[PDB]
Every structure is written in structure tokens, then in C-alpha cells.
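First, one chain by itself in C-alpha cells, the form deposited without its partner chain.
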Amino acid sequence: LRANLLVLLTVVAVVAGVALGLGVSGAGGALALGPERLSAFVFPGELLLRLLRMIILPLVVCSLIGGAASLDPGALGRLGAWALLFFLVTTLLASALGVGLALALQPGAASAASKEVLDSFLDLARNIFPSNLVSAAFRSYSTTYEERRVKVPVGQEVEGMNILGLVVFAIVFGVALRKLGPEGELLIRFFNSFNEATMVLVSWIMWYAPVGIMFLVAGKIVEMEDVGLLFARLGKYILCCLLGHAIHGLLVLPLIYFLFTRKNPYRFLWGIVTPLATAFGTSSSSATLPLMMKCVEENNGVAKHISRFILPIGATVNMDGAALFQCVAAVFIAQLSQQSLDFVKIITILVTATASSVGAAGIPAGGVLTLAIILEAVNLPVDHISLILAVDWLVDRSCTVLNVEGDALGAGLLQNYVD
């Protein structure tokens, strides 16, 4: 089977990427290569990110317009409501698991060591309703601060695709096409044909993923040297985050899939091995979304309309890894500052992490910007975030795997709901 060969190549790519990275790091390291050779060494991994990011805009817009126009607005609303409930519950479970493991293992035992909450949510609302569709294709609204000793929040569009705004518009535009009737049928055919043509490009970029993944993980563990020192002071915090992702991604999420759909959940996860490893390599849910939608449609039996609707929405809203990581970091920082957390402080940590996970941009290093929001809500020192940045390169990659895995299993869950 061609799917099995792709999975075998992807598995070898991750193994070879780790082996190549340690070998390069061990033998000469980044210093021996130098900037002239380091840029070329990681370039094949960068090429995969560029190819994946180039097709996000045509895939997200056309799939959601076609997906929303292929269902009755009442049926689409029910499917969306069920998807949001699954996203909220799983994010809550990830948040609860992260706090529970952090309280149990206590990573902050040996204490050997931004944007406001309102402005963050106002930026989310501004990004949900973009002021320009063309600008939203490569820019997002962000809020900065100016001294006028009172901080005045001034806003302007920064580089970075506004996927959430494009997701919202495409769904609304798709509903408008459905309500148009016969006159909007031509546009439904156009976006479906455009979506199908883009999927042909995905199948070609799909075969380059093992080559890109190998050089993407090899370059990361080469440029991030002194790993042993990192695993010596934050080894327990990394364990809490990675074990929480493993427990939620291999025990909790598969069990939820098994309970509703009485099918093997790890057979579903085997079909999406390539996007999961791509998510690990790229550390972005947006770039691996093209491959996830490719595997979910063909490798698994998920319907075309379900996959093309739930996955683009989940790639921006459903982030189980971000919520678990933020909850562990919030408790870890609290333990470092010797702050005791009672039931009320735990509850607001769960709620704030769930809300902040929805606002996370789904981009590399994009989950630590919302970590400060949780800290101020629960009143913990923010200076300890610098520790999180040291190991974020590894934790974020684990988050991305969990961020997209819930989206795929959610598509499988909602597949049986329609059936």
C-alpha cells in the first residue's frame, strides 16, 4: 500500500532526523558548520514549511466555503455546535490533566532559578472579523503600547496569516452561497474545483514531507545545543508537559474516540502518522493542516464535507496541547514562587487556559504569548516565563502533535454522528 510506504518513510525520517542531528551536533555542532552551512543544512526543512504554508490559504478558504455550502444551515449549525462542544470538553480535559500531573509530580520543587488580558481578547475579536480580506491573507491585527505613565493600546496589522478571520469569513460566505440557491451553485462548483485542484498539490508536497521532516528535526536539535543542561533544571517540567501530552494523546483522546465510535482509535491514528510527524517537525498546526486533511479524507473513512469543515476550524480553535502546556507552566511557576493553589485558583487556571488556547495563533512559539495572560489572571510572577522559553522549542512541538491529533479524532467522532 502506498499509504504504508509513506508512513514508513515518515517514521524513518524522524528516526534519521534525530540520528543526523545528534551526529552533526556531536561531531562538530553548529560552530563547525557555521552560518554559511547551517542555513543550507536546515533549508530542506524550511522548504517544507514554505510549501505547506503556501497552500493553507487556498485550502482553508475553498474547503470551508464548499463545506459550509454543502450543508443545510440548520445541519451545519448542529455539526458546528457538536464540534465546539467536543473542542471545549477535550481542551478542559487537557487543562485538568496538566494541572493534575503538575500538582502530583510538582516540577517546581527545587526552586534553583506583554499584552493585557483585555487587549488580547479584543485582538481576537478584531482578528475574527478582519477589516480587509486581502490583508488578512498575510497579516493579523496586534496591539502594541505607547507612553502618553499611562499605557495607551495602539493597534496595527503585523505579519502573520489571519487564519481565524479567513475561517470565519469562508464559513459565512459558504452559508451565503447556500442561501443563494441556484445562482450560488456556480461559485460552489468553483471553490470545490479549486479545493480539489489544491488537494492535488498536497499529494505532491506530501511525498516531500519525509525529506523536509528529516532536515527540520535535525536542524532544531543542532541549533538547540546544551540540551543536557536544559534537562537538568527543567527536566521535571518537560516530563510533566510531555507525559501530559502522551497521556492525553494516547490514552484520553483515543478512549473518547473509542467510547462514541466503537472502532479502533489507534488505527485512526496510524492513518494520520505523517501529519502528526509533520506537526512535530514544523511545530505549527496551520502548516500541517493540509496534510491532516489529506490523510483524514483518504487514509481514514471520514467524509469529505466533515473533514473539510471540522479540521480547518479545529486547527485554530481546538488546541489541546496548548492548554495542557499552559496549565503545567502555570502550576510550575506557582510552585517555584512557593504559592499555594486552592480550588478556586485551580478552576480559573482551567478556564483561562481553555480561553487562551482558542486565541493561540497555531504558529511556532505561539503558545507562550498567552501564558502571561493566565499568570496575571491567577496573580503569579511573570519573570519565570524566561525559563519556559528555554525549553519551549521542544514543548511546543509536543503541543502541535496534540493540537492536530484532537482535530482528526474529532472529525472521526463527528463522522459517526452524521452516519
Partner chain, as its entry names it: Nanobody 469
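Residue numbers count along the first chain shown, from 1. We call the rigid core the largest set of C-alpha positions that still match within 1.5 Å between the two forms.
Compared with other deposited structures of the same protein, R149 meets the criterion of being unmodelled in at least one third of those that resolve residues on both sides.
In at least one third of the other compared structures of this protein with flanking residues present, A112 is left unmodelled.
Gap between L88 and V89: none; every deposited residue in this span has coordinates. Counting the unmodelled positions of the deposited sequence between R148 and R149 gives a gap of 4 to 9 residues.
The same protein also exists as the form deposited with its partner chain bound; that form is not shown, yet it is the one meant from here on.
Judged by heavy atoms within 4.5 Å of its partner chain in the deposited complex, the contact stretch among the candidates 74 to 82, 333 to 341, 100 to 108, 253 to 261 is 74 to 82. The closest non-hydrogen atom of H245 lies beyond 4.5 Å of its partner chain in the deposited complex. Among heavy atoms of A69, some come within 4.5 Å of its partner chain in the deposited complex. Contact annotation: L380 falls outside 4.5 Å of its partner chain in the deposited complex, judged by heavy atom distances.
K294 falls outside the set of residues with a heavy atom inside 4.5 Å of its partner chain in the deposited complex.
The partner is absent here; in the deposited complex, the one residue of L92, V211, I188, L239 having a heavy atom within 4.5 Å of its partner chain is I188. This chain is displayed alone, yet in the deposited complex one of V317, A96, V167, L269 has a heavy atom within 4.5 Å of its partner chain; that residue is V317. Using a 4.5 Å cut-off on any heavy atom, the residues of 154 to 188 that reach its partner chain in the deposited complex are, in sequence order, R178, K179, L180, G181, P182, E183, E185, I188.
Looking at CA displacements between this form and the one not shown with the core superposed, a shift of 2 Å or more is confined, among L79, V252, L101, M199, to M199.
Once the rigid core is used as the reference frame, the Cα position of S398 differs between this form and the one not shown by less than 2 Å.
The rigid-core alignment places the CA of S307 less than 2 Å apart between this form and the one not shown.
Fitting the two forms on the rigid core leaves the C-alpha of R262 displaced by under 2 angstroms between this form and the one not shown. The pair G228 and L336 is tighter in the deposited complex: their Cα-Cα distance falls by no less than 3 Å compared with this form.
Compared with the form shown here, the Cα atoms of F309 and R178 sit 3 Å or more farther apart in the deposited complex.
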